[PDB]
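Right, one structure below, let's go through it.
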Protein chains: 2
Amino acid sequence: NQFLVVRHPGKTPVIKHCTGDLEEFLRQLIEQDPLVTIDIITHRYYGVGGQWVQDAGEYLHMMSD
Amino acid sequence: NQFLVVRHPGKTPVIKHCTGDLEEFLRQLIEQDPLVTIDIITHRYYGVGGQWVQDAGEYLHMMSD
């Protein structure tokens with residue numbers, strides 16, 4: 001959940017930890033950079049090679065509706 | 001190097017391991033899906049929280065020129 005990578009245009013991506021409310025944190029990155037892509041990375045028993053990743057857009061909505 | 005996440009439009013991203021030549025593997029993902037985004041994730045002593053990620057486009061060129 002705290003292992004998410006945020007991709008800035010014209011630059012290289014960075015991996016960011018939440019400093020507060022998780023929903024707000026993702027929103028804040030999006031709001032300040034609406035071109036930014038966030039992938040949220042976790043781990044599973046099987047997943048995809050023992051690891052899995054979720055689109056932050058699905059993630060943010062998943063927690064609401 | 002083998003921890004790279006490939007992002008398909010309309011879907012959710014997956015994390016993929018190379019099955020051959022690394023340069024070819026990234027190219028193959030791009031060629032078959034030119035809309036696809038790849039982030040290549042590694043680890044560092046400091047990096048960004050002890051971890052770092054590189055844009056595959058920079059990565060693929062980095063190894064050439």
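Letters A, B, ... mark the chains of the structure tokens in the order given; residue numbers begin at 1 per chain; ligand numbers begin at 1, in order shown.
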Which residues are near stretch 42-55 of chain A? Cut-off 9 Å, only C-alpha atoms, ignore same chain within fewer than 6 positions. Put them as a PDB file with C-alpha atoms, in the first residue's frame.
ATOM      1  CA  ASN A   1       0.000   0.000   0.000  1.00  0.00           C
ATOM      2  CA  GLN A   2       2.846   2.366   0.878  1.00  0.00           C
ATOM      3  CA  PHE A   3       4.873   1.094  -2.080  1.00  0.00           C
ATOM      4  CA  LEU A   4       3.506   3.265  -4.887  1.00  0.00           C
TER       5      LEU A   4
ATOM      6  CA  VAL B   5       5.908  -2.868 -14.118  1.00  0.00           C
ATOM      7  CA  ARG B   7       0.943  -0.573 -17.697  1.00  0.00           C
ATOM      8  CA  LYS B  11      -6.645  -2.408 -17.781  1.00  0.00           C
ATOM      9  CA  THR B  12      -4.548  -2.690 -14.627  1.00  0.00           C
ATOM     10  CA  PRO B  13      -0.729  -2.884 -14.676  1.00  0.00           C
ATOM     11  CA  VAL B  14       1.266  -6.089 -14.242  1.00  0.00           C
ATOM     12  CA  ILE B  15       4.831  -6.785 -13.119  1.00  0.00           C
ATOM     13  CA  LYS B  16       6.885  -8.772 -15.591  1.00  0.00           C
ATOM     14  CA  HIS B  17      10.123 -10.761 -15.643  1.00  0.00           C
TER      15      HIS B  17
END
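DSSP on the backbone gives helix (DSSP H, G or I) for these parts of stretch 5-54 of chain B: residues 22, 23, 24, 25, 26, 27, 28, 29, 30, 31 and 32 of chain B.
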Problem - Contacts of residue A:60 within 9 Å, only C-alpha atoms, excl. fewer than 2 positions in-chain, as a VMD selection string - result: chain A and resid 22 to 23 26 to 27 55 to 58 62 to 64
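Nearest-residue note for chain A: choosing from B:19, B:33, B:25, B:39, the minimum distance belongs to B:39, counting only C-alpha atoms.
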Completion exercise
atom CA of residue B:6 to atom CA of residue A:20 measures 27.7 Å
Fill in the blank from the handout: Computed gap from atom CA of residue A:37 to atom CA of residue B:38 is 11.2 Å
Completion exercise
Students should find that atom CA of residue B:32 and atom CA of residue A:35 are spaced 23.4 Å
